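Protein chains in written order, with the UniProt record's numbering: chain S, 173 to 205, 208 to 228, 234 to 441; chain X, 173 to 203, 207 to 228, 235 to 439. Every residue gets a Cβ at the ideal spot worked out from N, C-alpha and C, and that includes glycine. Some notes on the structure that comes next.
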Ligand SMILES: Cc1cc(SCc2[se]c(-c3ccc(C(F)(F)F)cc3)nc2C)ccc1OCC(=O)O
Ligand SMILES: Cc1cc(SCc2[se]c(-c3ccc(C(F)(F)F)cc3)nc2C)ccc1OCC(=O)O
Ligand SMILES: CCCCCCO[C@@H]1O[C@H](CO)[C@@H](O)[C@H](O)[C@H]1O
Ligand SMILES: CCCCCCO[C@@H]1O[C@H](CO)[C@@H](O)[C@H](O)[C@H]1O
Ligand SMILES: [Cl-]
Ligand SMILES: [Cl-]
Ligand SMILES: [K+]
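In structure tokens, the structure reads:
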């Protein structure tokens with residue numbers, strides 16, 4: 173494969189399928205020419223919900244409302260990641276069951292990697308950039324809901340230090356989805372071969388795009404391992420919430436993702 | 173009238189994605208170049224040598246079994262693309278798409294098989310071969326027994342004289358089935374199926390104005406196909422149990438996983 177044309181193709185599929193790019197997010201977070211409405215307590219969340227910014236279950240309390248907002252966010256991103264993946268060369272050539280296995284075990288890894296794009300150390304963009312929810316407000320939620328969000332900030336701030344751009348991330352995300360190690364995958368050799376092409380494209384891309392960045396490719400391989408561990412811990416927290424907070428609901432798609440994880 | 177447009181869209185998906193139409197098949201089966212007739216070991220070998228066209238060759242009945250599997254896998258590819266070319270199907274989450282295909286493809290395969298079948302045999306290799314029903318009956322058990330019920334279904338199904346535009350809606354209705362195990366968005370699939378069934382109802386009145394009771398007859402055929410697949414799966418289970426030297430294609434393993 174022509175690696176340069178391959179990478180540009182995945183870059184364009186990324187721009188076509190993800191509305192909020194890191195480029196757009198960073199210009200908002202630094203104030204380039208409407209600023210985001212800051213959500214930092216109940217009153218501003220309520221205002222944001224009325225129209226300042228923005234279906235869900237009936238409002239019971241702040242921590243559960245945020246928990247449901249998190250689920251709606253991730254379900255939307257699963258839709259975008261599905262369309263993105265279908266544009267990766269030879270992903271659509273897999274039988275549909277292997278496509279589902281790759282997305283099932285990969286979407287959260289990709290979500291938490293892309294989450295870093297819309298995050299700084301003080302909070303995250305919500306609602307296509309029109310809101311900003313502060314990290315301190317999220318810490319103020321009652322357990323178990325506060326504990327599940329903070330590790331993602333921790334990962335994101337370290338990941339953002341690598342200073343990837345959208346062209347890097349498009350290959351990185353593709354590599355996460357095209358993973359031959361997923362449980363129950365049918366055509367492992369084919370998935371392994373696609374991933375190798377993506378990784379060779381990524382290594383080549385980084386030489387060109389980050390010439391002075393030392394050890395960047397192996398650092399990104401380690402971040403992929405780090406994300407797998409982040410997702411394992413996240414899945415375990417979600418299952419504990421499902422067990423102890425019997426009155427809170429889990430979106431059916433997320434139940435299907437978390438079904439056979441442990 | 174929106175149903176008419178909806179039907180035309182499903183018909184185009186069918187014309188775009190299936191390798192063989194019933195119109196094409198029936199013209200071949202009624203006679207440039209006729210299909211090569213496979214009716215015994217010698218003619219099957221000639222067909223494999225290039226006259227028409235897998236795991237290492239063990240014996241005739243198992244060889245045919247493997248060709249059945251290859252044919253099925255190919256049709257799963259086509260049915261996947263057909264369903265993806267239906268917008269309301271492609272809007273479901275991918276897991277529901279897989280559930281519908283997992284539990285629907287064999288029903289659809291056996292319905293479409295009728296298109297390439299007459300009482301004497303069936304077309305193979307994109308119509309360039311014809312394998313006789315008598316030859317398939319001559320294979321050893323368990324391989325002869327699993328094929329014959331499909332001829333019996335097909336001859337009765339072909340007496341309804343559906344054309345490709347009818348079949349496109351019929352197959353869409355089979356795939357968009359709200360009753361499949363593990364389906365996530367059941368009400369959405371149910372809504373799509375009811376739209377397909379209403380479009381089919383109107384299509385049959387337009388296309389078969391004189392055919393009395395044709396729509397309920399097709400609903401019954403859908404029920405019959407579910408039973409045919411139940412019996413087929415039981416026979417495949419017995420082959421997995423008793424023919425330990427015969428392999429099963431990985432995709433079919435996933436379909437039959439249970
Ligand atoms: C419980 C849970 C936590 C996380 S942590 C990363 C976060 Se925080 C967040 C958010 C926060 C506040 C608001 C609001 F203030 F506006 F309400 C909106 C959005 N979005 C993401 C992606 C990810 C998934 C998840 O559950 C869904 C799943 O497992 O798929
Ligand atoms: C074992 C089995 C039987 C059937 S019966 C309907 C038939 Se017959 C046939 C065929 C016959 C002869 C030849 C050759 F003589 F030319 F070699 C080629 C093709 N194809 C189909 C679809 C369907 C599935 C199945 O197993 C696969 C599964 O269950 O998925
Ligand atoms: C498009 C036709 C695919 C038919 C085989 C589906 O097979 C299914 O794939 C799922 C993974 O997607 C598995 O969870 C499930 O156990 C398996 O039976
Ligand atoms: C595209 C994202 C799909 C994530 C949910 C996958 O969910 C899976 O769907 C399969 C049916 O296809 C089931 O066999 C399996 O049990 C379920 O875990
Ligand atoms: Cl940061
Ligand atoms: Cl089945
Ligand atoms: K017939």
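For the beta strand (DSSP E) containing residue i, list its first residue and its last residue.
i: residue 313 of chain S; result: 310-313
i: residue 302 of chain X; result: 302-305
i: residue 267 of chain X; result: Unbroken run through residue 267 of chain X: none, as it is neither H nor E.
i: residue 274 of chain S; result: No beta strand (DSSP E) contains residue 274 of chain S, which DSSP labels as neither H nor E.
i: residue 213 of chain X; result: 211-213
Please list, in chain order, the chain S residues whose beta carbon lies closer than 8 Å to that of residue i.
i: residue 261 of chain X; result: 274, 275
i: residue 365 of chain X; result: 431, 432, 435
Determine the contact status of residue i and residue j, defining contact as a CB-CB distance below 8 Å.
i: residue 432 of chain S; j: residue 274 of chain X; result: yes
i: residue 330 of chain S; j: residue 420 of chain S; result: no
i: residue 351 of chain X; j: residue 292 of chain X; result: yes
i: residue 339 of chain S; j: residue 277 of chain S; result: no
i: residue 280 of chain X; j: residue 363 of chain X; result: yes
i: residue 325 of chain X; j: residue 317 of chain X; result: yes
i: residue 392 of chain X; j: residue 179 of chain X; result: no
i: residue 267 of chain S; j: residue 182 of chain S; result: yes
i: residue 282 of chain X; j: residue 260 of chain X; result: yes
i: residue 376 of chain S; j: residue 209 of chain S; result: no
i: residue 400 of chain X; j: residue 374 of chain X; result: no
i: residue 440 of chain X; j: residue 387 of chain X; result: Given a span of 173 to 439 for chain X in the structure shown, any question on residue 440 of chain X remains unanswerable.
i: residue 349 of chain X; j: residue 186 of chain X; result: yes
i: residue 403 of chain S; j: residue 353 of chain S; result: no
i: residue 361 of chain X; j: residue 284 of chain X; result: yes
i: residue 298 of chain X; j: residue 213 of chain X; result: no
i: residue 288 of chain X; j: residue 406 of chain X; result: yes
i: residue 426 of chain X; j: residue 265 of chain X; result: no
Counting along the chain, where does the alpha helix (DSSP H) carrying residue i start and finish?
i: residue 216 of chain X; result: 216-221
i: residue 229 of chain S; result: Because chain S is numbered 228 and then 234 with no intervening positions, residue 229 of chain S cannot be located in this model.
i: residue 227 of chain X; result: Residue 227 of chain X -> no alpha helix (DSSP H), and no H or E assigned at all.
i: residue 332 of chain X; result: 324-339
i: residue 385 of chain S; result: 367-388
i: residue 396 of chain X; result: 395-423
i: residue 195 of chain X; result: 194-201
i: residue 181 of chain S; result: 175-189
i: residue 436 of chain S; result: 431-437
Output needed in chain order: residues of the stretch 269-291 of chain X with a Cβ under 7 Å from some Cβ in chain S.
Residues of the stretch 269-291 of chain X with a C-beta less than 7 Å from any C-beta of chain S: 274, 275, 276, 278, 279, 282, listed in chain order.
For the stretch 292-315 of chain S, enumerate the residues whose C-beta is nearer than 7 Å to any C-beta of chain X, in chain order.
Along the stretch 292-315 of chain S, none of the residues has a CB nearer than 7 Å to a CB of chain X.
At least 3 beta-carbon pairs within less than 8 Å: the stretch 186-201 of chain S vs the stretch 387-401 of chain S
Taking a cut-off of 8 Å for Cβ pairs, the stretch 186-201 of chain S and the stretch 387-401 of chain S do not touch, as fewer than three such pairs fall below it.
Are at least three pairs of beta-carbons, each pair with one atom in the stretch 243-255 of chain S and one in the stretch 344-360 of chain S, less than 8 Å apart?
They do not touch, by the three-pair rule.
Check whether the stretch 211-222 of chain S touches the stretch 291-310 of chain S, counting contact only when three or more Cβ pairs, one atom from each stretch, lie closer than 8 Å.
With the rule of 3 Cβ pairs closer than 8 Å, the stretch 211-222 of chain S counts as touching the stretch 291-310 of chain S.
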